[PDB]
Amino acid sequence: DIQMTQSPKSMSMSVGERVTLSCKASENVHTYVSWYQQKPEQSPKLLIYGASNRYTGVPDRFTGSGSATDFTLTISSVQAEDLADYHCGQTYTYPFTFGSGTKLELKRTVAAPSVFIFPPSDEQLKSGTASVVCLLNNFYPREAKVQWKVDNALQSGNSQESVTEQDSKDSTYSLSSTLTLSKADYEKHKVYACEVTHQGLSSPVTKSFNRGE
Amino acid sequence: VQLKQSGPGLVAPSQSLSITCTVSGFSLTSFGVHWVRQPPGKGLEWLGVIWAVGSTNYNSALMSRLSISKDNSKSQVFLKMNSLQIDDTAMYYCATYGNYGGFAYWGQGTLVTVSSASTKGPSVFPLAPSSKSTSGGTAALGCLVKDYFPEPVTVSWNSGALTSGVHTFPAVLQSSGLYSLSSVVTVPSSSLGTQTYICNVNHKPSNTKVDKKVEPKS
Ligand SMILES: CC(=O)N[C@H]1[C@H]([C@H](O)[C@H](O)CO)O[C@@](O[C@H]2[C@@H](O)[C@@H](CO)O[C@@H](O[C@H]3[C@H](O)[C@@H](O)[C@H](SCC(=N)NCCCC[C@H](NC(C)=O)C(N)=O)O[C@@H]3CO)[C@@H]2O)(C(=O)O)C[C@@H]1O
Ligand SMILES: [Zn+2]
Ligand SMILES: [Zn+2]
Ligand SMILES: [Zn+2]
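Quick look at the structure:
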């Protein structure tokens with residue numbers, strides 16, 4: 006049926022640069038193409054309908070063009086507030102269909118993370134589990150490595166991590182990694198450390214605490 | 007123009023879901039209302055529409071299990087879907103073109119999870135500020151929201167009065183099958199004993215509401 010193909014999946018631009026988003030239809034959809042913006046924890050918002058009509062209240066830097074099978078959304082001078090996923094859709098014929106989305110991120114100067122560590126709360130330890138959290142705050146670019154060490158033993162398989170979407174106010178990422186042990190295992194060791202590798206750091210940085218301090 | 011949806015929740019595979027969309031600011035006898043869904047980290051999928059005149063059109067891939075109806079006098083539109091599959095897990099939206107050529111107005115979304123697991127409210131633990139969460143004049147503190155199901159949870163700080171510097175991280179699915187997430191905030195390190203910081207957690211599927219004060223430890 007009508008497949009919509011967006012390209013690229015992701016792109017990275019500096020502030021002030023012109024951004025071009027592409028959407029291709031597998032059949033002629035004439036001008037029945039819309040573009041949507043979606044930010045984290047928000048519903049989609051209409052930007053462009055009828056291929057080229059700017060919707061109410063949308064800034065003039067957003068422009069749509071194209072017809073038949075080739076459609077374009079341009080942002081003439083991209084701003085921090087434009088970090089979002091962008092979706093195209095056709096409403097030419099049933100069933101209406103959408104592309105898979107394009108994620109827009111911004112380039113900025115390298116920024117090293119601040120690294121913080123949190124021992125488990127006493128209330129959690131009463132219940133029989135220990136979560137240890139390492140926080141990497143406000144870094145760029147997104148690539149980072151977190152290595153847990155327990156009494157100098159490199160850990161594998163007992164941690165999970167999550168990264169925020171890029172922040173509109175300063176274009177950085179943050180990352181949280183959680184190391185989970187039983188209370189019984191947690192009580193056996195003294196030193197808990199997370200070691201962070203990032204291109205903004207001359208050498209990997211370690212943050213640690215000692216369970217007996 | 008406004009579209010308000012019923013709340014998120016868990017439903018069992020092979021069974022049926024119901025979502026209500028209550029509209030205001032326009033009349034259902036003049037505008038059609040559509041349903042669209044978005045599987046968690048993916049694109050949008052159109053499900054169907056009930057037009058102002060009351061006829062319906064459905065996505066042919068789903069039409070055997072999909073039903074859309076409405077009550078004009080109550081400004082309500084209903085989505086019903088049965089023989090649910092695990093891959094029906096999605097954020098479900100009501101939307102309308104209004105007077106435009108695309109989906110100009112959207113509901114707030116209803117997160118529906120298809121699973122045989124249990125609904126479970128979270129435990130909330132402090133991430134206590136310390137010397138090891140300080141960098142000069144800036145300190146970080148937070149709260150760990152652990153062992154809940156299904157998504158989502160809402161986290162605010164000081165009931166929403168504190169928004170600057172907050173990072174709420176995407177949840178991870180633990181090996182137990184329950185979700186865990188953290189929320190952190192950075193503040194002046196000199197403020198740690200002088201200001202009250204409370205994380206507020208709302209897990210709507212369970213009606214769990216927890217306020218956790220986050221204080222420095224000794
Ligand atoms: C304020 C007002 O004027 N209200 C109208 C509303 C209102 O406009 C809509 O609800 C939008 O908010 O519309 C009302 O009328 C509806 C109703 O009449 C239904 C009945 O099914 O049709 C609606 O029109 C839709 C068409 O059914 C649908 O086919 C098209 S697809 C887009 C298109 N124009 N394609 C052109 C070619 C079609 C594909 C082609 N197929 C062929 C040639 O057979 C192919 N080759 O594949 O979309 C239409 C909507 O955009 C109609 O809007 C209502 O809701 O009842 C009337 C009310 O007065
Ligand atoms: Zn044409
Ligand atoms: Zn051990
Ligand atoms: Zn930040």
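If you read the protein sequences in the order shown, they are chains L and H. Letter by letter, the first sequence follows residues 6 to 218 in the deposited numbering. Letter by letter, the second sequence follows residues 7 to 224 in the deposited numbering. Even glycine gets a Cβ: it sits at the ideal position worked out from N, Cα and C.
Residue H/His209 holds the alpha-carbon nearest to the alpha-carbon of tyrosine 185 of chain H among H/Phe32, H/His209, H/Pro194 and H/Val191. Taken through DSSP and simplified to helix, strand or coil, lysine 48 of chain H comes out as coil. Counting only runs of 4 or more residues that sit fully inside the stretch 91-150 of chain L, the alpha helix (DSSP H) segments are 127-132, in chain order.
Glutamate 192 of chain L is classed as exposed because its beta carbon has fewer than 16 other beta carbons within 10 Å across all chains shown. Among the bridge pairs identified by DSSP, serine 129 of chain H is matched with H/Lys152. For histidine 92 of chain L, the chain H residues whose Cβ falls inside 7 Å of its Cβ are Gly49 and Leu50, in order along the chain. Burial is judged here by how many other beta carbons sit within 10 angstroms of a residue's own beta carbon; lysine 126 of chain H has at least 16 and is buried. Fewer than three Cβ pairs drawn from the stretch 57-66 of chain L and the stretch 58-75 of chain H lie within less than 8 Å of each other, which leaves the two stretches out of contact.
Here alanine 146 of chain H carries a strand assignment [DSSP, helix/strand/coil]. Closer than 9 Å to the CB of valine 190 of chain H there is at least one CB belonging to chain L. Straight through space, the alpha carbons of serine 39 of chain L and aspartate 190 of chain L are spaced by roughly 55 Å. In the structure shown, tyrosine 37 of chain L adopts coil according to DSSP, grouped into three states. Here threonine 202 of chain H has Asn164 and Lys219 as same chain residues with Cβ atoms under 8 Å from its own Cβ, once five neighbours each way along the sequence are excluded. Remark: three or more beta-carbon pairs, one from each stretch, lie closer than 8 Å, so the stretch 137-146 of chain H and the stretch 119-134 of chain L are flagged as touching.
When secondary structure is reduced to three states using DSSP, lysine 154 of chain L falls in the strand class. A distance criterion of 8 Å places the beta-carbon of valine 196 of chain L beyond contact range of ligand 3, judged by its closest non-hydrogen atom.
When DSSP states are grouped into helix, strand and coil, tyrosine 111 of chain H belongs to the strand group. Here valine 7 of chain H is not near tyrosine 103 of chain H, since their CB atoms are 9 Å or more apart. Straight-line measurement puts the Cα of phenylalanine 32 of chain H at about 34 Å from the Cα of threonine 214 of chain H. A Cβ-Cβ separation of about 11 Å leaves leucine 168 of chain H out of contact with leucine 147 of chain H under the 8 Å criterion. C-alpha of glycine 171 of chain H to C-alpha of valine 207 of chain H: approximately 18 Å in a straight line. In the structure shown, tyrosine 185 of chain H adopts extended strand secondary structure according to DSSP, grouped into three states. Between ligand 4 and the CB of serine 179 of chain L, the shortest heavy atom gap is smaller than 8 Å. Using a Cβ-Cβ cut-off of 9 Å, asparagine 65 of chain H counts as an interface residue toward chain L, since at least one Cβ of chain L sits closer than that to its own.
In the structure shown, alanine 189 of chain L adopts helical secondary structure according to DSSP, grouped into three states. In this structure, the CA atom of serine 22 of chain H is about 6 Å from the CA atom of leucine 90 of chain H. Taking C-beta separations shorter than 6 Å and ignoring five residues to either side along the sequence, the partners of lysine 108 of chain L in its chain run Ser15 and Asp90, following chain order. Between the alpha carbons of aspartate 175 of chain L and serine 122 of chain H lies a gap of roughly 42 Å.
Taking the C-beta atoms as reference points, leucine 111 of chain L is found no nearer than 9 Å to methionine 9 of chain L. Going by C-alpha positions, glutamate 221 of chain H is about 52 Å away from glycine 38 of chain H.
Interface flag for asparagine 33 of chain L against chain H is unset, since no Cβ pair is found closer than 9 Å.
When DSSP states are grouped into helix, strand and coil, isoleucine 74 of chain H belongs to the strand group. Within the same chain, Cβ atoms closer than 6 Å to the Cβ of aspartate 94 of chain H are found at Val120, the five residues on either side in sequence being excluded. Two segments are said to touch when three or more pairs of C-beta atoms, one from each, lie closer than 8 Å; by this definition the stretch 141-149 of chain L does not touch the stretch 65-82 of chain L. Proximity to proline 128 of chain H across H/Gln44, H/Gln114 and H/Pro156 peaks at H/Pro156, based on C-alpha coordinates. Rounded to the nearest whole angstrom, the CA to CA distance from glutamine 43 of chain L to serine 12 of chain L is 17 Å.
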